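Visitor: First, the structure itself, so that you have it in front of you.
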Amino acid sequence: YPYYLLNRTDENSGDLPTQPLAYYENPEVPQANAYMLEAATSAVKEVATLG
Amino acid sequence: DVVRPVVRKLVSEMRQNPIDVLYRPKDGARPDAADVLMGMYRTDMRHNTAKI
Numbered sequence: 369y370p371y372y373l374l375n376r377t378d379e380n381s382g383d384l385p386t387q388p389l390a391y392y393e394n395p396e397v398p399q400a401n402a403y404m405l406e407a408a409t410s411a412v413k414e415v416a417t418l419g
Numbered sequence: 058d059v060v061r062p063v064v065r066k067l068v069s070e071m072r073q074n075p076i077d078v079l080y081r082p083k084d085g086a087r088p089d090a091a092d093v094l095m096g097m098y099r100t101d102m103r104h105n106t107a108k109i
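Written out as structure tokens, the structure is:
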């Protein structure tokens, strides 16, 4: 289909309000988790030295 | 840890340069006076206990 049709009218009211469409926000992996992952990796790299 | 690797590096660096006594004769002493005492020191201070 080349369209995405929507109903315009409702019986016991005027036209449908049709507020702007909302989408579920994409998963983020909060930058707290990423920054702490980087910090832990860097820490392990620093201590993993016998000299 | 961010400091323990530094301690490891320092310990390894100073373990690469062992230091031990080296007896030498006096100014007026004979040119072979220090051999026997130095040899006894090497004999005594060569086991694992001294290095440890």
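Taken in sequence, the protein lines are chains A and B. In terms of full-length UniProt numbering, the first sequence has 376 at position 8, counting the first letter as 1, and numbering is strictly consecutive. In terms of full-length UniProt numbering, the second sequence has 79 at position 22, counting the first letter as 1, and numbering is strictly consecutive. C-beta atoms are modelled at their ideal positions from N, C-alpha and C, and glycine is treated no differently.
(1) Under a three-way DSSP split, which group does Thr377/A fall into?
(2) For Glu414/A and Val59/B, which I take to be in contact (beta-carbon distance under 8 angstroms), what is that distance rounded to the nearest angstrom?
(3) Which of the residues in the stretch 66 to 96 of chain B, read from start to end, lie with their CB under 9 angstroms from any CB of chain A?
(4) In the stretch 384 to 403 of chain A, which residues sit with their C-beta less than 9 angstroms from some C-beta in chain B, listed in chain order?
(5) Rounded to whole angstroms, what is the Cα-Cα separation between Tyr391/A and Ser410/A?
Guide: The structure says:
(1) strand
(2) 6 angstroms
(3) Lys66, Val68, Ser69 and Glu70
(4) none
(5) 37 angstroms
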